[PDB]
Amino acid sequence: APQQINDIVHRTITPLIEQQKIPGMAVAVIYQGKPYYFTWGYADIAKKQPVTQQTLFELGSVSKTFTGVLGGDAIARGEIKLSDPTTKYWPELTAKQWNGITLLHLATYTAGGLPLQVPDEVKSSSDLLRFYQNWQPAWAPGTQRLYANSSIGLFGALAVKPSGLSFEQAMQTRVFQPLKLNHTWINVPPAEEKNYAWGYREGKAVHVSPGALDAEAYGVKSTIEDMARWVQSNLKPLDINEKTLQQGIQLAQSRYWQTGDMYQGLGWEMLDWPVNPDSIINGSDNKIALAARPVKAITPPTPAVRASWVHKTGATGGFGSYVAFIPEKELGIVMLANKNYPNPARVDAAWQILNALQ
């Protein structure tokens, strides 16, 4: 790889791993459209397995970017509309608070305070129905943003209903396969287990546990190579041959709501480029990222802006991931690690690297 990329990447990531005590990590930098890979440490400490370009990491919430794009693809296919009422898909949601809550609200965390996490006791489809029927909104629809798995997770489940496919099958057929993400999974097959890194929480090896709407909200696992391809696809959706997918990616980067200097897309989050590093760095901290904030509707939504810093943080109990890219510069980065370390450190490192290369 060009020495400039090698140097900034190593000079930034090496101290990060030491400071955060990250067991293993993989990084891909997309520069002028080409990917460059880097790896460090262990995927499995006990078994001495190193992290390689084929190592699978839990993406955690970066999965929401796939859900957003799959949802966009469904819109493009004319299967659903963001303006559709939630009840059009789940007529069983008869509780009055659902009146006026649309797929857009679910996808963008603006339904009125749907909770960050789906309760552990909620497992089955009837459990899920009961949970949403009982939920009491804190605010009217479209007034406040509260990042939530229960919100975009429900969006994902409903978005794939007309297709007649399960969420996994729709994702495989409509997103993974067309983009050649042949080592990206919602469920890791036994044959691939040898490449599945262990996550580390308080020193113990862990993998994500089954949960309601896990697939839709935080259940994708992937390699640094497939994630680099994911960044390339979102950087240049026009290079994609499948029409509805190309459109779907575009729709997920449209700006639907604004809060502070951040715009909410479908899964992805965006800021105008150039960005103020302190804004995205401090903004990534959960103290802000998970906070309830009033939002301004962007009427109508702004189509994907090429001069944007598009990104998403993701975590599971044992993993910490981050993806960020700037369409206008054909520049991007993916950072996958098997430790859930502070978001601010992830974004600061990504900024140092991309700022140096821009």
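What we label the rigid core is the largest C-alpha set whose atoms superpose within 1.5 Å from one form to the other. Start at 1 with the first residue shown and count on from there.
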Higher-deviation stretch (C-alpha RMS, rigid core fit) in 9 other deposited structures of this protein, choosing from 120 to 128 and 103 to 111
120 to 128
At least a third of the other compared entries leaving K287 unmodelled, is that the case?
yes
Entry-level comparison of average CA B-factors, 332 to 340 and 12 to 20, reporting the higher stretch:
12 to 20
Averaging the C-alpha temperature factors as deposited, the higher value of 300 to 308 versus 317 to 325 falls on 300 to 308
Comparing recorded Cα B-factors across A46, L59, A43, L70, which one is largest?
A46
Based on the PDB entry, the highest CA temperature factor among the options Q264, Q97, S222, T110 is that of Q97
Split into thirds by Cα B-factor across the chain's modelled residues, where does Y132 land: lowest, middle or highest?
middle
Going by the entry, which third of its chain does the Cα temperature factor of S166 land in?
middle
With respect to C-alpha B-factor, does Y36 fall in the lowest, middle or highest third of the chain as deposited?
middle
Tell me, lowest, middle or highest third: where does the Cα B factor of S279 rank within its chain?
highest
For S125, return the chain-relative third of its C-alpha B-factor as stated in the PDB record: lowest, middle or highest.
highest
